[PDB]
>>> print(open('input-v3.pdb').read())   # PDB, C-alpha atoms (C1' of nucleotides)
ATOM      1  CA  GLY A   2       0.000   0.000   0.000  1.00  0.00           C
ATOM      2  CA  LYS A   3       0.899   3.571  -0.841  1.00  0.00           C
ATOM      3  CA  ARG A   4      -0.984   6.491   0.693  1.00  0.00           C
ATOM      4  CA  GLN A   5      -1.527   8.096  -2.667  1.00  0.00           C
ATOM      5  CA  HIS A   6      -4.777  10.009  -2.242  1.00  0.00           C
ATOM      6  CA  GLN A   7      -4.912  11.064   1.373  1.00  0.00           C
ATOM      7  CA  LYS A   8      -7.019  14.190   1.150  1.00  0.00           C
ATOM      8  CA  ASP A   9      -9.562  12.469  -1.075  1.00  0.00           C
ATOM      9  CA  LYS A  10     -10.145   9.123   0.630  1.00  0.00           C
ATOM     10  CA  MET A  11     -12.981   6.650   0.559  1.00  0.00           C
ATOM     11  CA  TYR A  12     -14.317   8.081   3.822  1.00  0.00           C
ATOM     12  CA  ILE A  13     -14.347  11.414   5.589  1.00  0.00           C
ATOM     13  CA  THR A  14     -10.914  12.048   6.986  1.00  0.00           C
ATOM     14  CA  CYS A  15     -10.288  13.039  10.570  1.00  0.00           C
ATOM     15  CA  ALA A  16      -9.255  16.618   9.858  1.00  0.00           C
ATOM     16  CA  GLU A  17     -12.091  17.025   7.406  1.00  0.00           C
ATOM     17  CA  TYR A  18     -14.614  15.751   9.934  1.00  0.00           C
ATOM     18  CA  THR A  19     -13.275  18.074  12.601  1.00  0.00           C
ATOM     19  CA  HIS A  20     -13.294  21.113  10.382  1.00  0.00           C
ATOM     20  CA  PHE A  21     -16.642  20.592   8.687  1.00  0.00           C
ATOM     21  CA  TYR A  22     -18.832  17.873  10.094  1.00  0.00           C
ATOM     22  CA  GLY A  23     -19.048  18.415  13.793  1.00  0.00           C
ATOM     23  CA  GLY A  24     -15.731  17.596  15.339  1.00  0.00           C
ATOM     24  CA  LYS A  25     -14.532  19.654  18.276  1.00  0.00           C
ATOM     25  CA  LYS A  26     -13.213  23.082  17.283  1.00  0.00           C
ATOM     26  CA  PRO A  27     -10.440  24.370  19.566  1.00  0.00           C
ATOM     27  CA  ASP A  28     -12.342  27.631  20.230  1.00  0.00           C
ATOM     28  CA  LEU A  29      -9.493  29.444  21.949  1.00  0.00           C
ATOM     29  CA  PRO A  30     -10.427  33.133  22.529  1.00  0.00           C
ATOM     30  CA  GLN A  31     -13.767  34.426  23.813  1.00  0.00           C
ATOM     31  CA  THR A  32     -14.356  38.194  24.232  1.00  0.00           C
ATOM     32  CA  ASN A  33     -10.742  38.673  25.287  1.00  0.00           C
ATOM     33  CA  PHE A  34     -10.869  42.487  25.545  1.00  0.00           C
ATOM     34  CA  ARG A  35     -14.184  44.353  25.490  1.00  0.00           C
ATOM     35  CA  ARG A  36     -14.014  47.279  27.929  1.00  0.00           C
ATOM     36  CA  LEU A  37     -15.596  50.654  27.304  1.00  0.00           C
ATOM     37  CA  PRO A  38     -13.164  53.528  27.961  1.00  0.00           C
ATOM     38  CA  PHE A  39     -13.598  55.165  31.348  1.00  0.00           C
ATOM     39  CA  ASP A  40     -14.616  58.515  29.865  1.00  0.00           C
ATOM     40  CA  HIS A  41     -17.742  57.108  28.178  1.00  0.00           C
ATOM     41  CA  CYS A  42     -21.356  56.777  29.258  1.00  0.00           C
ATOM     42  CA  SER A  43     -22.382  53.147  29.515  1.00  0.00           C
ATOM     43  CA  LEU A  44     -25.786  53.717  27.905  1.00  0.00           C
ATOM     44  CA  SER A  45     -24.782  56.069  25.078  1.00  0.00           C
ATOM     45  CA  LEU A  46     -21.323  54.547  24.512  1.00  0.00           C
ATOM     46  CA  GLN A  47     -20.117  58.126  23.985  1.00  0.00           C
ATOM     47  CA  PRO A  48     -18.080  60.549  26.114  1.00  0.00           C
ATOM     48  CA  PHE A  49     -20.094  61.681  29.114  1.00  0.00           C
ATOM     49  CA  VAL A  50     -20.534  65.280  30.219  1.00  0.00           C
ATOM     50  CA  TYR A  51     -22.247  64.903  33.622  1.00  0.00           C
ATOM     51  CA  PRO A  52     -21.087  61.667  35.260  1.00  0.00           C
TER      52      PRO A  52
ATOM     53  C1'   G B   1      42.723 -26.956  37.074  1.00  0.00           C
ATOM     54  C1'   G B   2      43.609 -23.958  31.338  1.00  0.00           C
ATOM     55  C1'   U B   3      43.314 -21.907  26.179  1.00  0.00           C
ATOM     56  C1'   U B   4      41.572 -22.126  21.106  1.00  0.00           C
ATOM     57  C1'   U B   5      37.758 -23.717  17.883  1.00  0.00           C
ATOM     58  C1'   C B   6      32.636 -25.648  15.736  1.00  0.00           C
ATOM     59  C1'   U B   7      27.026 -27.023  16.602  1.00  0.00           C
ATOM     60  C1'   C B   8      22.650 -26.510  19.541  1.00  0.00           C
ATOM     61  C1'   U B   9      19.398 -24.396  23.518  1.00  0.00           C
ATOM     62  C1'   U B  10      17.937 -20.317  26.539  1.00  0.00           C
ATOM     63  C1'   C B  11      17.760 -15.059  28.396  1.00  0.00           C
ATOM     64  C1'   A B  12      18.637 -10.096  26.424  1.00  0.00           C
ATOM     65  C1'   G B  13      18.297  -5.427  30.305  1.00  0.00           C
ATOM     66  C1'   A B  14      23.382  -2.307  27.616  1.00  0.00           C
ATOM     67  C1'   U B  15      24.953   3.636  22.321  1.00  0.00           C
ATOM     68  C1'   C B  16      22.181  -4.743  22.745  1.00  0.00           C
ATOM     69  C1'   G B  17      25.283  -2.245  16.655  1.00  0.00           C
ATOM     70  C1'   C B  18      30.470   5.045  18.615  1.00  0.00           C
ATOM     71  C1'   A B  19      26.779   1.528  12.581  1.00  0.00           C
ATOM     72  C1'   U B  20      22.264   1.724   9.868  1.00  0.00           C
ATOM     73  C1'   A B  21      18.377  -0.888   5.703  1.00  0.00           C
ATOM     74  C1'   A B  22      13.338  -2.571   3.929  1.00  0.00           C
ATOM     75  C1'   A B  23       8.104  -3.791   4.526  1.00  0.00           C
ATOM     76  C1'   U B  24       2.903  -3.196   6.637  1.00  0.00           C
ATOM     77  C1'   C B  25      -0.872   0.007   8.997  1.00  0.00           C
ATOM     78  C1'   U B  26      -2.854   4.910  10.799  1.00  0.00           C
ATOM     79  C1'   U B  27      -2.468  10.267  10.672  1.00  0.00           C
ATOM     80  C1'   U B  28      -1.187  14.571   8.312  1.00  0.00           C
ATOM     81  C1'   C B  29       1.592  16.650   3.268  1.00  0.00           C
ATOM     82  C1'   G B  30       3.714  16.780  -2.167  1.00  0.00           C
ATOM     83  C1'   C B  31       2.734  14.786  -6.920  1.00  0.00           C
ATOM     84  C1'   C B  32      -2.948  14.773 -10.146  1.00  0.00           C
ATOM     85  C1'   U B  33      -6.956  10.817 -15.264  1.00  0.00           C
ATOM     86  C1'   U B  34      -6.640   5.331 -12.808  1.00  0.00           C
ATOM     87  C1'   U B  35      -3.025   1.604 -10.684  1.00  0.00           C
ATOM     88  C1'   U B  36       2.171   0.110 -10.037  1.00  0.00           C
ATOM     89  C1'   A B  37       6.495   3.009  -8.639  1.00  0.00           C
ATOM     90  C1'   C B  38       6.296   7.444  -5.480  1.00  0.00           C
ATOM     91  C1'   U B  39       7.432  12.866  -2.422  1.00  0.00           C
ATOM     92  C1'   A B  40       8.274  13.755   3.690  1.00  0.00           C
ATOM     93  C1'   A B  41       7.096  14.196   8.642  1.00  0.00           C
ATOM     94  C1'   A B  42       4.767  11.810  13.150  1.00  0.00           C
ATOM     95  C1'   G B  43       3.200   7.237  15.623  1.00  0.00           C
ATOM     96  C1'   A B  44       2.537   1.912  15.837  1.00  0.00           C
ATOM     97  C1'   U B  45       4.029  -3.058  14.354  1.00  0.00           C
ATOM     98  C1'   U B  46       7.309  -6.644  11.726  1.00  0.00           C
ATOM     99  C1'   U B  47      11.403  -8.503   8.554  1.00  0.00           C
ATOM    100  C1'   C B  48      16.531  -8.395   7.492  1.00  0.00           C
ATOM    101  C1'   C B  49      22.197  -7.649   7.798  1.00  0.00           C
ATOM    102  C1'   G B  50      25.127  -7.934  12.970  1.00  0.00           C
ATOM    103  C1'   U B  51      26.029  -8.246  18.636  1.00  0.00           C
ATOM    104  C1'   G B  52      26.096  -9.641  24.259  1.00  0.00           C
ATOM    105  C1'   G B  53      25.303 -13.013  28.992  1.00  0.00           C
ATOM    106  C1'   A B  54      24.495 -18.165  30.548  1.00  0.00           C
ATOM    107  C1'   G B  55      24.333 -23.628  29.727  1.00  0.00           C
ATOM    108  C1'   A B  56      25.260 -28.562  27.025  1.00  0.00           C
ATOM    109  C1'   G B  57      28.174 -31.745  23.438  1.00  0.00           C
ATOM    110  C1'   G B  58      32.376 -32.517  19.826  1.00  0.00           C
ATOM    111  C1'   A B  59      37.518 -31.445  18.131  1.00  0.00           C
ATOM    112  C1'   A B  60      42.681 -29.285  18.686  1.00  0.00           C
ATOM    113  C1'   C B  61      46.956 -27.304  21.636  1.00  0.00           C
ATOM    114  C1'   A B  62      49.818 -26.657  26.851  1.00  0.00           C
ATOM    115  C1'   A B  63      50.049 -29.353  31.796  1.00  0.00           C
ATOM    116  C1'   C B  64      48.943 -33.319  36.690  1.00  0.00           C
ATOM    117  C1'   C B  65      64.666  -9.771  63.715  1.00  0.00           C
ATOM    118  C1'   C B  66      61.786  -6.759  70.736  1.00  0.00           C
ATOM    119  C1'   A B  67      65.412  -7.418  78.942  1.00  0.00           C
ATOM    120  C1'   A B  68      67.333  -0.629  80.512  1.00  0.00           C
ATOM    121  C1'   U B  69      60.849   4.579  81.232  1.00  0.00           C
ATOM    122  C1'   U B  70      55.102   4.306  77.356  1.00  0.00           C
ATOM    123  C1'   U B  71      52.764  -1.957  77.937  1.00  0.00           C
ATOM    124  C1'   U B  72      55.472  -8.715  77.459  1.00  0.00           C
ATOM    125  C1'   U B  73      61.464 -10.052  81.159  1.00  0.00           C
ATOM    126  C1'   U B  74      58.902  -6.312  87.622  1.00  0.00           C
ATOM    127  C1'   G B  75      59.522  -2.220  92.971  1.00  0.00           C
ATOM    128  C1'   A B  76      59.111  -7.716  92.961  1.00  0.00           C
ATOM    129  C1'   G B  77      58.208  -8.957  98.834  1.00  0.00           C
ATOM    130  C1'   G B  78      57.492  -8.434 104.681  1.00  0.00           C
ATOM    131  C1'   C B  79      54.660  -5.576 109.790  1.00  0.00           C
ATOM    132  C1'   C B  80      50.010  -3.142 112.631  1.00  0.00           C
ATOM    133  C1'   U B  81      44.144  -2.255 113.748  1.00  0.00           C
ATOM    134  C1'   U B  82      38.953  -3.118 113.100  1.00  0.00           C
ATOM    135  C1'   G B  83      34.186  -5.607 110.432  1.00  0.00           C
ATOM    136  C1'   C B  84      38.994 -11.453 102.973  1.00  0.00           C
ATOM    137  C1'   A B  85      37.849  -5.683 102.692  1.00  0.00           C
ATOM    138  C1'   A B  86      39.729  -0.578 104.070  1.00  0.00           C
ATOM    139  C1'   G B  87      43.678   2.248 106.012  1.00  0.00           C
ATOM    140  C1'   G B  88      48.527   3.145 108.207  1.00  0.00           C
ATOM    141  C1'   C B  89      53.069   1.329 107.304  1.00  0.00           C
ATOM    142  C1'   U B  90      58.745  -1.114 106.091  1.00  0.00           C
TER     143        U B  90
END
>>> encode(input="input-v3.pdb", output="structure tokens")
Amino acid sequence: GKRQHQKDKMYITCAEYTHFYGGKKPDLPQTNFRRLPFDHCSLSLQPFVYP
RNA sequence: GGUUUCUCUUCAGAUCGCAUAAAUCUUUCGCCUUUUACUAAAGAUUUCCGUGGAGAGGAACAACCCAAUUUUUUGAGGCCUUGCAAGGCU
């Protein structure tokens, strides 16, 4: 045997199944940095005048 | 009692081998009509060219000097009192 067609195999390959068909994605970062600047109103998301 | 040299069995931990091949399978890659033959990395399992320890049998070559301080060549023996022991003695 020679592994001649390894991307196109008779089944779904392991990497292909992970990336497209419901394998576990690594999912590393989640909302790493989402902080409003201190000078901004939380409701308006714009610089406050009367804090 | 020894050494050398062949065959077989068994166990291999040691860089088993200051050397280094191939095959099979699974992952990823490169080739791109299909299959041989392949490109190159990881992991797993075998084969092959060699090696070490132990045991058994065969054959060949050799042989049944301190006595003078610090130790071991003596300060060694004798008397008195009390309940051999202690002390005083010579």
>>> resolve_selection(input="input-v3.pdb", expression="the PyMOL selection byres ((chain A) within 12 of (chain B))", output="list in words")
residues 2, 3, 4, 5, 6, 7, 8, 9, 14, 15, 16 and 17 of chain A
>>> atom_distance(input="input-v3.pdb", atom1="atom CA of residue A:23", atom2="atom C1' of residue B:26")
21.3 Å
>>> atom_distance(input="input-v3.pdb", atom1="atom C1' of residue B:19", atom2="atom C1' of residue B:51")
11.5 Å
>>> closest_residue(input="input-v3.pdb", among="B:89, B:54, B:61, B:48", to="residue B:10", atoms="all atoms listed in the file")
B:54
>>> axis_aligned_box(input="input-v3.pdb", around="stretch 15-24 of chain A", padding_each_side="3 Å", output="JSON")
{"center_x": -14.2, "center_y": 17.1, "center_z": 11.4, "size_x": 15.8, "size_y": 14.1, "size_z": 13.9}
>>> resolve_selection(input="input-v3.pdb", expression="the PyMOL selection byres ((chain B and resi 5) around 8)", output="list in words")
residues 4, 6, 59 and 60 of chain B
>>> write_last_selection(input="input-v3.pdb", atoms="C-alpha atoms (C1' of nucleotides)", output="PDB file, in the frame of the given file")
ATOM      1  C1'   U B   4      41.572 -22.126  21.106  1.00  0.00           C
ATOM      2  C1'   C B   6      32.636 -25.648  15.736  1.00  0.00           C
ATOM      3  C1'   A B  59      37.518 -31.445  18.131  1.00  0.00           C
ATOM      4  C1'   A B  60      42.681 -29.285  18.686  1.00  0.00           C
TER       5        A B  60
END
>>> residues_around(input="input-v3.pdb", residues="residue A:37", least_positions_apart="3", cutoff="8 Å", atoms="only C-alpha atoms (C1' of nucleotides)", output="ChimeraX atom specification")
/A:41,43,46
>>> atom_distance(input="input-v3.pdb", atom1="atom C1' of residue B:47", atom2="atom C1' of residue B:23")
7.0 Å
>>> resolve_selection(input="input-v3.pdb", expression="the PyMOL selection byres ((chain B and resi 79) around 9)", output="ChimeraX atom specification")
/B:78,80,89-90
>>> closest_residue(input="input-v3.pdb", among="A:20, A:52, A:27, A:11", to="residue A:39", atoms="all atoms listed in the file")
A:52
